[PDB]
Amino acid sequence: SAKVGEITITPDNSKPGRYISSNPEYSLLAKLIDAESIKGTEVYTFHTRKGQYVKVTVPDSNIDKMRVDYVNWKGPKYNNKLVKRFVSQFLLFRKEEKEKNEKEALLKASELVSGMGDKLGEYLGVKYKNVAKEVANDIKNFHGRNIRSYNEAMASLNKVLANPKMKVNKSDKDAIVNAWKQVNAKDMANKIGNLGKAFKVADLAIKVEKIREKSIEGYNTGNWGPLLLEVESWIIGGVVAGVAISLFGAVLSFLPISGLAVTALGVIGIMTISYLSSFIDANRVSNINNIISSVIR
């Protein structure tokens, strides 16, 4: 709901990635704008008329490499400077918006993780509670310029996974799974959504659903790649690293423990905590491994 030079851009609450121009006169004669960021390239779509639009693409957010495309254009083409004028600011606004949301997300996510700490710790032990808290902190203070690679993360996860004590008997496995299935993406999505504007990403419920399905599959197959990959997916697809993670954590934390035993609890607690550190801090993982002993039987 900020001001972009001469006008005021407002984010369409109803539709993520879409903005409203206070005065189309300065927004290329378009009231509605749709922004996108795939693989670091910003893409602006100005809806001038029905079925008509101007596509603006900014490779690597470098206005110098800017490209304009008139699609289904009837009339004369706007002069570049004009376009440039607006884009410049919009670009800038966009960055700020992200930066803001990122911080906003990490915080709220760190809270959730922290609380999860307090909660499970009552059953799991102080050692558990202690680590969870650090993990929460790491989240709180993370910068998106250090989000780890799939292969990078996957490795760390293995350490935990490869940890002998880190066992999972069917009785437990089947519960954990049953828990996951108990989940309703939609409700989740709303739940998550209500955490704040920053969580209002596109196709929330799909993202949720995929976390569930892949979460389940991980359990009964030991394959966790799909999970990590999904998250990474999100990011390449436009979601800011900080948010993606936060989003991830939130979901993770929203799983229902009713119907699980203290043993299953430990698994869950460890897992959650582990996935997260895997993407953030390699070192925290050690910490986790060290407490697996006292948490898991």
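We number the residues from 1 along the sequence you see.
Can you tell me which stretch has the higher mean Cα B-factor, 99-107 or 126-134?
Per the deposited B-factors, the answer is 126-134.
Averaging C-alpha B-factors over each stretch, which comes out higher, 18-26 or 271-279?
The stretch with the larger average C-alpha B-factor is 18-26.
Tell me, please, which of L157, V87, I147, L112 has the highest C-alpha B factor according to the deposited entry?
The C-alpha B-factor peaks, among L157, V87, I147, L112, at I147.
Between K119, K186, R212, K81, which one tops the list for Cα B-factor in this entry?
Within the set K119, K186, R212, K81, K186 shows the top C-alpha B-factor.
How does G40 rank on Cα B-factor within its chain, lowest, middle or highest third?
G40: CA B-factor falls in the highest third of its chain.
Per the entry's values, where does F93 land by CA temperature factor relative to the rest of its chain, in the lowest, middle or highest third?
Within its chain, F93 is a lowest-third residue by C-alpha B-factor, going by the deposited values.
If you rank the chain by CA B-factor, which third does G238 end up in: lowest, middle or highest?
Tercile = middle for this residue's CA B-factor.
What third of the chain does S258 rank in for C-alpha temperature factor, lowest, middle or highest?
Highest third.
Which third of the chain does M66 land in by C-alpha B-factor: lowest, middle or highest?
Highest third - that is where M66 ends up once the chain's C-alpha B-factors are sorted.
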